[PDB]
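Novice: Can you read through this structure? Questions will come right after.
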Amino acid sequence: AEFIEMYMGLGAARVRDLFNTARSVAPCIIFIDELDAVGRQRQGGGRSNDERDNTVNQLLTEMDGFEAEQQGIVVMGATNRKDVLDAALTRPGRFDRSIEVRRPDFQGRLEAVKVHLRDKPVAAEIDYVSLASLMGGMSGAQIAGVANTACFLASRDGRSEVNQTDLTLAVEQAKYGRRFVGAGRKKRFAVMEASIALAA
Amino acid sequence: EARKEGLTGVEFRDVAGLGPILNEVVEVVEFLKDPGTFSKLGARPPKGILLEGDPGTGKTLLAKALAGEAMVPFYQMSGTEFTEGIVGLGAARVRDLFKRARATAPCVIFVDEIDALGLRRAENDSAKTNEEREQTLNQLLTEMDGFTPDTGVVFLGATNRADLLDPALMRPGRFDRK
């Protein structure tokens with residue numbers, strides 16, 4: 001996003017200065033976030049394709065380029081989808097290894113539930129396998145969020161930490177969310193779900 | 001001088017028709033009243049909050065009510081307040097204002113129609129009119145990017161069109177909530 005600029009010819013300038021400082025302080029590791037928003041495939045398209053394209057071109061001549069190398073510096077990038085970026089970037093020789101970051105598994109959640117409460121007050125009556133199998137499908141940021149929410153609900157309750165029962169409610173309201181429904185529209189819901197249950 | 005509203009006298013009865021918003025504001029006013037306990041929470045407060053929506057719904061009617069229920073200094077003024085036509089002085093108003101906040105911490109800083117500062121500058125118009133708006137942009141950029149989370153300086157920002165937003169202030173840590 002720092003390389004996104006609508007002036008004429010400063011994206012390549014930023015790439016060049018970044019890579020020159022990296023070459024000067026070698027060895028190094030150059031991490032670029034938001035790669036999916038600049039390095040999409042080049043096309044005719046609008047007039048941004050006159051400069052946004054040019055920018056990417058600079059990149060294509062730094063990681064491989066001439067001079068045959070700088071040091072062998074490691075470059076890494078944060079993107080969400082490999083298929084959106086063009087074939088010139090993600091080809092081997094410019095990005096050799098491609099590793100994946102999925103959502104936490106059963107083990108990942110098993111250890112992230114406790115690792116997120118090491119710096120958080122909490123009681124003894126907790127079984128981390130229960131919450132590891134109880135909130136499968138959320139991201140790690142969401143585990144941080146549910147821990148934050150349980151702590152804040154403790155704050156609003158007057159206690160400093162939380163037992164099982166209330167952080168379970170916190171995660172369940174982080175899943176299904178927390179509106180008023182009349183008493184005549186409520187019996188319709190009751191009747192239809194009861195009939196579905198009886199059938200199934 | 002920015003109008004120093006020491007006492008605002010605004011409560012949550014000074015607002016009506018914003019039930020769902022009432023409960024996300026008590027968090028901010030509790031953080032304003034307790035700047036030392038939220039650091040004990042390990043959580044970080046929202047540095048900036050953007051008041052987005054239709055005009056006439058009560059942005060400053062809510063922001064001033066927030067500062068009143070906090071009982072803490074309130075600093076409101078215009079977004080074009082720093083875009084009057086002399087180069088560089090707009091950076092002084094932002095600097096003076098934010099170090100006023102640093103000196104009277106904890107504080108509230110509010111800027112209605114702030115997008116006049118963060119107007120996404122299109123490539124259709126004048127250039128020196130661009131480096132002054134962008135000058136003040138980078139000025140408050142440095143100002144709040146160098147700030148600490150627990151200084152008690154809560155950043156209030158309001159505008160009635162979120163479509164003209166510049167991506168700079170949308171970054172996390174600059175407007176942690178909307």
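Residue numbering restarts at 1 in every chain; chains get A, B, ... in the order shown in the structure tokens, and ligands count up from 1 in that same order.
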Return the neighbours of chain A among the residues of chain B, cut-off 8 Å, counting only C-alpha atoms, as a ChimeraX atom specification.
Specialist: /B:41-43,123
Novice: How close does range 9-49 of chain B get to range 133-154 of chain B? List, as CSV, each residue of range 9-49 of chain B within 12 Å, its nearest atom pair and the distance in Å to one decimal, counting only C-alpha atoms.
Specialist:
residue,atom,partner,partner_atom,distance
B:28,CA,B:154,CA,8.4
B:29,CA,B:154,CA,9.8
B:30,CA,B:152,CA,11.3
B:31,CA,B:152,CA,8.2
B:32,CA,B:152,CA,6.5
B:33,CA,B:152,CA,9.1
B:34,CA,B:152,CA,9.1
B:35,CA,B:152,CA,6.1
B:36,CA,B:150,CA,7.8
B:37,CA,B:150,CA,10.0
B:38,CA,B:150,CA,8.3
B:39,CA,B:150,CA,7.1
B:40,CA,B:150,CA,10.9
B:41,CA,B:150,CA,11.8
B:42,CA,B:150,CA,11.3
B:43,CA,B:149,CA,9.9
B:44,CA,B:149,CA,6.5
B:45,CA,B:149,CA,6.6
B:46,CA,B:154,CA,7.6
B:47,CA,B:154,CA,5.8
B:48,CA,B:154,CA,6.4
B:49,CA,B:154,CA,8.3
Novice: Point out the residue among A:163, A:92, A:144, A:10 with the least atom-to-atom distance to residue 127 in chain A, counting only C-alpha atoms.
Specialist: A:163
Novice: Contacts of range 40-43 of chain A at 8 Å or less, counting only C-alpha atoms, minus same-chain residues fewer than 6 places along, as a list in words?
Specialist: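 Everything that qualifies: residues 49, 53, 84, 85, 86 and 87 of chain A.
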Novice: Could you give me, as a PyMOL selection string, each residue of range 91-176 of chain A that DSSP assigns to helix (DSSP H, G or I) when run on this structure's backbone?
Specialist: chain A and resi 106-115+128-134+140-157+164-176
Novice: Taking the backbone alone, and naming residues the way the document does, which bits of range 27-177 of chain A are strand (DSSP E or B) by DSSP, as a list in words?
Specialist: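 These are the residues in question: residues 29, 30, 31, 32, 40, 74, 75, 76, 77 and 85 of chain A.
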Novice: Can you tell me, as a list in words, what residues are no more than 6 Å from residue 111 in chain B when counting only C-alpha atoms, ignoring any on the same chain fewer than 3 positions away?
Specialist: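 That gives residues 76, 77, 78, 79, 114 and 157 of chain B.
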Novice: Could you turn the residues from that selection into a file that holds C-alpha atoms, as an mmCIF file, in the first residue's frame?
Specialist:
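Result written to part36.cif:
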data_model
loop_
_atom_site.group_PDB
_atom_site.id
_atom_site.type_symbol
_atom_site.label_atom_id
_atom_site.label_comp_id
_atom_site.auth_asym_id
_atom_site.auth_seq_id
_atom_site.Cartn_x
_atom_site.Cartn_y
_atom_site.Cartn_z
ATOM 1 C CA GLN B 76 -13.565 20.248 18.765
ATOM 2 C CA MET B 77 -13.046 22.316 15.617
ATOM 3 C CA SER B 78 -13.221 22.145 11.832
ATOM 4 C CA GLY B 79 -11.353 19.958 9.380
ATOM 5 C CA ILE B 114 -12.377 15.895 9.374
ATOM 6 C CA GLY B 157 -13.232 12.083 14.004
#
Novice: Write out as a PyMOL selection string the residues lying within 10 Å of range 69-73 of chain A, counting only C-alpha atoms and excluding same-chain residues fewer than 5 positions away.
Specialist: chain A and resi 19-20+22-24+26-30+62-64
Novice: Between CA of residue 136 in chain A and CA of residue 193 in chain A, what distance in Å does the model show, to one decimal?
Specialist: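 Between CA of residue 136 in chain A and CA of residue 193 in chain A the gap works out to 25.4 Å.
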Novice: For range 111-113 of chain A, find every residue with an atom within 9 Å (counting only C-alpha atoms), except residues of its own chain fewer than 5 positions away, and show them as JSON, numbers by chain.
Specialist: {"A": [104, 106, 128, 131, 132, 140, 143, 144, 147]}
Novice: I need the chosen residues saved as a compact mmCIF listing (two decimals), in the first residue's frame, with N, CA, C and O atoms.
Specialist:
# COMPACT_ATOMS: atom_id res chain seq x y z
N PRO A 104 -6.37 -22.20 12.75
CA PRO A 104 -5.86 -23.15 13.75
C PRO A 104 -6.64 -24.46 13.73
O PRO A 104 -7.87 -24.47 13.67
N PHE A 106 -7.27 -28.46 15.54
CA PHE A 106 -7.61 -28.86 16.90
C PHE A 106 -6.43 -28.67 17.84
O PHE A 106 -6.58 -28.15 18.95
N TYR A 128 -8.97 -27.20 28.45
CA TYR A 128 -8.71 -26.56 27.17
C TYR A 128 -9.14 -27.42 25.98
O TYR A 128 -9.35 -26.87 24.90
N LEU A 131 -12.76 -26.27 24.91
CA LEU A 131 -12.84 -25.09 24.06
C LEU A 131 -12.11 -25.30 22.75
O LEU A 131 -12.40 -24.63 21.75
N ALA A 132 -11.15 -26.23 22.72
CA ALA A 132 -10.48 -26.55 21.47
C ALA A 132 -11.42 -27.26 20.51
O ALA A 132 -11.34 -27.07 19.29
N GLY A 140 -7.25 -17.04 14.47
CA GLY A 140 -6.51 -16.73 15.69
C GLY A 140 -6.86 -15.37 16.26
O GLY A 140 -7.01 -15.22 17.48
N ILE A 143 -9.77 -15.79 18.31
CA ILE A 143 -9.49 -16.33 19.64
C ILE A 143 -9.01 -15.22 20.57
O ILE A 143 -9.42 -15.14 21.73
N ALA A 144 -8.12 -14.36 20.07
CA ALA A 144 -7.74 -13.19 20.84
C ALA A 144 -8.95 -12.33 21.19
O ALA A 144 -9.07 -11.82 22.31
N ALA A 147 -11.05 -14.00 23.97
CA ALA A 147 -10.37 -13.83 25.26
C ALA A 147 -10.54 -12.40 25.78
O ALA A 147 -10.86 -12.19 26.96
Novice: Within 10 Å of residue 171 in chain A, counting only C-alpha atoms, which residues qualify if same-chain residues fewer than 3 places away don't, as a VMD selection string?
Specialist: chain A and resid 131 134 to 135 138 142 to 143 145 to 147 149 to 150 166 to 168 174 to 177
Novice: Given only C-alpha atoms as the basis, pick out the residue of B:101, B:74, B:166, B:175 nearest to residue 121 in chain B.
Specialist: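 The answer is B:166, which sits nearest to residue 121 in chain B.
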Novice: To one decimal place in Å, what is the distance between CA of residue 109 in chain A and CA of residue 129 in chain A?
Specialist: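 Atom-to-atom, CA of residue 109 in chain A to CA of residue 129 in chain A, that is 8.7 Å.
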